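Residue numbers (the deposited numbering), protein chains in the order written: chain H, 1 to 97, 103 to 239; chain E, 1 to 163, 170 to 462; chain F, 1 to 159, 170 to 218, 224 to 460; chain A, 134 to 163, 171 to 266.
The beta carbon of each residue, even a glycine, is placed where N, CA and C say it ideally should be.
See structure below.
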Amino acid sequence: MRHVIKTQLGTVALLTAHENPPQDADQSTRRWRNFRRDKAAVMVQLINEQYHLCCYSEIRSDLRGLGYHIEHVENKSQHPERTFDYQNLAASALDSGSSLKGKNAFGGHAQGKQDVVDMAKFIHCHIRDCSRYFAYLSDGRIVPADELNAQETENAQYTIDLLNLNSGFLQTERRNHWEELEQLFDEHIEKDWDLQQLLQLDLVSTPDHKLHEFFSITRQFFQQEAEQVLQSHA
Amino acid sequence: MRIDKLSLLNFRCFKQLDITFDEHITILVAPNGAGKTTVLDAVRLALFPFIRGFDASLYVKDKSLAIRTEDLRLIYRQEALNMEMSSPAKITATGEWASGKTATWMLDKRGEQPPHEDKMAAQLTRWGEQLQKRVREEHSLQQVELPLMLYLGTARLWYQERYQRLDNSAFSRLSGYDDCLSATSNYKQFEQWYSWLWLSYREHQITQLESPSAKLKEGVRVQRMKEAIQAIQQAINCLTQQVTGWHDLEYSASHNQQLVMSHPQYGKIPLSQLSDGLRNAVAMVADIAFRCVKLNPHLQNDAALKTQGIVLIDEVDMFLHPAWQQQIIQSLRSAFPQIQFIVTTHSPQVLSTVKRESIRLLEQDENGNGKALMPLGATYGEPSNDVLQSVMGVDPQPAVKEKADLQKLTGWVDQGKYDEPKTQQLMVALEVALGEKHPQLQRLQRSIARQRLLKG
Amino acid sequence: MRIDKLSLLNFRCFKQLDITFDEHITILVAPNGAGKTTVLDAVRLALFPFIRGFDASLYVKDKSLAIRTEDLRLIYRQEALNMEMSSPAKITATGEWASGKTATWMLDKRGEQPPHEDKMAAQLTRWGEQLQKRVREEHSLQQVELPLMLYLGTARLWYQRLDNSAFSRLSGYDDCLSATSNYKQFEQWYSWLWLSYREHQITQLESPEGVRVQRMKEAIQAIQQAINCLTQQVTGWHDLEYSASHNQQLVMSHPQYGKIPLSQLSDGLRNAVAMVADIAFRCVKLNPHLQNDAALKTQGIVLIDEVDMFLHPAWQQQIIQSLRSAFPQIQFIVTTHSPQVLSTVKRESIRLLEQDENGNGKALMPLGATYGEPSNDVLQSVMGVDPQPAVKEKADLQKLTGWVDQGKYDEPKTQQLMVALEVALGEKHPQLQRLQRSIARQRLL
Amino acid sequence: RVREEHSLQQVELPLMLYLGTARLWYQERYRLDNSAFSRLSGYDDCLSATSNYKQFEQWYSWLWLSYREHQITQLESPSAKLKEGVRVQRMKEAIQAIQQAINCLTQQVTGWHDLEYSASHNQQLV
Ligand SMILES: Nc1ncnc2c1ncn2[C@@H]1O[C@H](COP(=O)(O)OP(=O)(O)OP(=O)(O)O)[C@@H](O)[C@H]1O
């Protein structure tokens, strides 16, 4: 995953709605349903702060025509007092509203994430050291990192299974990205190109707050060159 | 005629379901259960009120063409002794009958009571009756064109061996609806009609040759026979010729009164001696072709190219090999470019040749609720393994004994620990077990080389 | 009973062919019209002399079990535009009948004359008759082993006593060369067997027997083990039973889910279960003296056409190993065109059928490897089919990729082709997006 | 109301029965369909001039055979009696309710009691 840094308080409507927090599932559901009018601005801010990447899978939903939806990191049915807390909201792919929620859904629409979540073992994008919990393989899988305790590995596996991050669609997309990365590596080796001018297209954002999808795979693929590029321009 | 949407309620497998259909081609995919057959059966039941208006009804006592008490949903609960039914069972359909005529009709059944239908279902019978009336008043200058309804099930090749005219008459025209939604083979009807057609063509040709004084009257009979034969043969060629090489299905008396086909290098051989896939495909295409020819005789050559209707096919790619599976859908669309096709399959080769908007994936939850969704990723022109894993959720790597070791080796190598003796021993063991040319091992070697290069 | 080699001469589509068969499993692979059913029919004809030695088939006058006039080869004479018949047709087979009994027998038909067998083909009938005679022995204390002969064609879906007597024993050869297997009849006879066993089991609880009870128990155990060899690894299902409590249905057990009805599954899996169960039941009937190891210790030959009918690609990968594990002493000869099946066998067990312009056939091992191989690789190598379909714009996409690769993106024709492909395929096509990213990458330099 | 899934309110059904002279069991007078497992099968021929003994015999035999199946299974493999024992409890309670009803009339005067299905006696009620 990628760590998301929040630097915006929110919107006036969202702040006002949070003045009297809901205190049970029914109130939270009803008020979330009634809040449909001012969801657009909140979603716009959420998408801008994430550089148009899904909070869990790091895909460009806009480029694929799949959309986004507002996701509560901690389920509002578990702790409804945070239904309107801006710090508990993220943007996930597969907008709510024929390819939609189902058995194979991932991210916020995954089967496990809808039922129950154990916050003790849950690793999400709002934890400063989430990126060191995961590794991306050549066959399209995502696995826990080797340099993890016997306790951190269980948390990483639980998080991977909860969000269904190893579905066929995600595995195929990540495999194709790895293949393209190999192609680019060979190309720059052959052409005597520089491996920093090109990487600025993928690792540095744009004035319209956009990042190439699968940031973590690209960063892990180029071990030290990616770190040099990031440090130079961030 | 066209159907845009279908919604089920307390039917065989589904507590409820909503499914929309593409305008030209739709493919239903289901890993578990018999959802696809249920959807096809529901569609077939929803089309029967139209056929009922042509005198084509349960006169042969076809009990499968109505909702039965065996079509309702039964819930077995382990902790209770009794078992009840879910009622009512409903089928609702939306579509188009004629140009600009949109309608919605429903059929339902309550318990053991006889099935009942609403007023639009009765208007669907009235439309068939008035089409029949227009067909029977042949003393007219205007032309009326009839649609096509057809059902092709898995039992279309089971007992092929058990069992005429062509003109602008009601009796000849309405024979195209005979057993059109039946679940049994229809091959002998075609064989007998085609034999009559060829024999009449030849006999009238010789009769014209020996006395052409009847030109202006009998030379058009022969022209009509020739045009029908040409339309049927062209439709069949569109499917068989490019892939297999066989073409020009005919009737030959010198071959023991049999249907024969021709090949550039193998000559004429009877159809009954050809392969399973060829016979299946020929039967499938011929069904539609002669039904189109018999329904609309006034479209001489373009009977198949200008006919409208709905065709349902279950397991469209039966007995076909992967190279043939990559061309069946486009062949069907080219042979009959005005018909709406609804088919079922479980072959990635077929799925790689259509766009993701023409695919429906069926699933159920524990309580019977159904969903018909689109694939999340593109499928048009993609490799077969991509479609297999992304859509059907099957890993192209088979689960052989060495798979787990391969996964462990991949996880170790891609994370930088490849110089350890344990990793090298596993690498050599897997090279001897699977060979050094395995694609995964090759890309792992590439990864090791890349990681070595970076550290410099 | 084992067949090692087969030779054909002027048979349906082969001018001549010689094919060698693997000891445990052989898979014939080819496109349509290649001659897979041709070889299976030849093998089935080579085995009929043995089945003709039993009274259960001594009355079988079926014309499909002998060389017909339609089996002779026809040659197309293009200059004369005529079909010429070539005679005679021959089938020669080599193999072992019993331990240490090698033989070679032949069958031939000449023109329109009746088919004729050679001297050694009658000895096979004599051996069958001797086996039948030995089966009808009362006080014999030396066991008699009967081999399993079975043919399951593409029409295997169209459509007891269980004693230790000669009639029940030889009832295992009932319609064996034209066998049928659909789940309705399987459910019928399995339910009958389970009902009888339940009756005899309850009678013991009420009032705390012999041959019949033990035979029923052994048959049930053997069939359950055989089906477990099929279903217990892909899923957790095991121990198919009949349950009156569960609304009089057949059910399976899952450690985490409990019981589930067999009638809620797809037709393909139900038919596969029916096929495995039918083979197991025939094995049990043929050799009563093996008790619950009849399926694991019976020898014979089973022929299957289109082994992967109506099977999901997930089950096509776990079908050959299931058969090898359930019946480890039987020789299987199957046909298929699916690469998922081929991705799980060694290359020694595969035969590829081809021909030449003159009709000379060949059956050779694949040159490359196929065990533990991805399906796309097997499709490209064994079958010669490109995994990427040839859609209308494939050539245009390849040309555009080539042009962009060499660095000609700035020419007007490249941009025109790009716009045409954008309007045709769309703006979110992955290949077009890759090309655009490549074009942007080879800038800023 | 009986045919509703996921209902909170219970439904109580009244009994309705006519026992005329057509019920009599004279000398030598004497598989389950899916509708025979419904609550509403209790109104099957309930007011007709007929004998209804075979219905009861068939359903009672089904009860006893299912109960014996559960007994055999719990004797053989004591590993699946969880949510499967509830069904056994229901079958046992049904059997004992019917048996006590019949005992209320025969035992005191005749001495006969405890009607049940027996596989030893050629699969008969005894
Ligand atoms: N007597 C004959 N002379 C010449 N060619 C023949 C003769 N009989 C059949 N053929 C040809 O042989 C081929 C039939 O082969 P076959 O049915 O075994 O093919 P297949 O596709 O491998 O089989 P299947 O699909 O049934 O598994 C067809 O080309 C048919 O034309």
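- Closest in C-alpha terms to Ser358/E, from the list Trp105/E, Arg452/E, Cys186/E, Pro328/E, comes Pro328/E.
- Non-local C-beta neighbours of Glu363/F in its own chain, meaning closer than 8 Å and more than five positions away in sequence, comprise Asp22, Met380, ordered along the chain.
- For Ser358/F, no Cβ of chain A is located within less than 7 Å of the residue's own Cβ.
- Nearest neighbour of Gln306/E by Cα position, chosen from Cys244/E, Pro354/E, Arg227/E, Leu74/E, turns out to be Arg227/E.
- At a Cβ-Cβ threshold of 7 Å, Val406/F and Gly387/E count as neighbours.
- Within the region 33-120 of chain F, the complete alpha helix (DSSP H) runs of at least 4 residues fall at 36-46, 48-51, 55-58.
- Relative to ligand 1, the nearest heavy atom lies less than 6 Å away from the CB of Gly33/F.
- At a threshold of 6 Å, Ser87/F does not count as near ligand 1, since its beta carbon sits no closer than that to any of the ligand's heavy atoms.
- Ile275/E has its CB nearer than 6 Å to a heavy atom of ligand 1.
- Around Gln370/E, no beta-carbon contact reaches into chain A at under 7 Å, the shortest distance being about 15 Å.
- For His261/F, no alpha helix (DSSP H) encloses it, and the DSSP letter there is neither H nor E.
- Contact fails between the region 135-145 of chain A and the region 441-450 of chain F, because fewer than three Cβ pairs, one in each stretch, are under 8 Å apart.
- Contact annotation for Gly283/E against chain F: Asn32 [CB-CB distance below 7 Å, chain order].
- Annotation for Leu280/E indicates a beta carbon within 6 Å of some heavy atom of ligand 1.
- Listed in chain order, the alpha helix (DSSP H) runs fully inside the region 171-257 of chain E are 176-179, 193-216, 221-250, counting runs of at least 4 residues.
- Per DSSP, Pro149/H is one residue of the beta strand (DSSP E) stretching across 147-149.
- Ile348/F is the residue among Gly315/F, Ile348/F, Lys312/F whose C-alpha sits nearest the C-alpha of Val322/F.
- Remark: C-beta atoms of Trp204/E and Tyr257/E approach each other more closely than 7 Å.
- Across the structure, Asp108/E and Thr20/E are spaced so that their CA atoms are roughly 20 Å apart.
- Inclusion of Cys298/F and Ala310/F in the CB contact set at 7 Å is warranted, their separation being smaller than that value.
- For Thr38/F, the shortest separation between its Cβ and any heavy atom of ligand 1 lies below 6 Å.
- If you check each beta-carbon in the region 422-447 of chain F against every beta-carbon of chain H, the ones closer than 8 Å belong to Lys443, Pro445.
- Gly273/E and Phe325/E do not touch by the CB rule: their CB atoms are close to 23 Å apart, not below 8 Å.
- Think of a sphere of 7 Å around the beta carbon of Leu203/H: the chain F residues whose beta carbon falls inside it are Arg456, in chain order.
- The residues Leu415, in chain order, have a CB closer than 6 Å to that of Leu432/F in the same chain once the five nearest residues on each side in sequence are set aside.
- Contact between the region 215-233 of chain H and the region 55-68 of chain H is present, with at least three C-beta pairs closer than 8 Å.
- Spatial neighbours of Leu265/F in its own chain (CB-CB distance under 8 Å, excluding positions within 5 residues in sequence) are listed in chain order as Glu197, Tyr200, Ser201, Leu255, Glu256, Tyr257, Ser258, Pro276, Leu277, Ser278.
- Residue pairing of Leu368/E in beta bridges, as defined by DSSP: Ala378/E.
- Here the alpha carbons of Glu437/F and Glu408/F stand approximately 11 Å from one another.
- At least one C-beta of chain E is nearer than 7 Å to the C-beta of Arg227/A.
- By the Cβ criterion, the region 48-65 of chain E is in contact with the region 116-131 of chain E, since at least three pairs of Cβ atoms, one from each stretch, lie closer than 8 Å.
- DSSP, reduced to helix, strand and coil, places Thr351/E outside both helices and strands of the structure shown, so it counts as coil.
- Rounded to the nearest whole angstrom, the C-alpha separation of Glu79/E and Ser281/F is 26 Å.
- If you look at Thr429/E, you'll find it in the alpha helix (DSSP H) that goes 427-440.
- With a 10 Å radius around the Cβ and a threshold of 16 neighbouring Cβ atoms, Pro354/E comes out buried.
- Interface residue (Cβ-Cβ distance to chain F less than 7 Å): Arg162/A is not classified as such.
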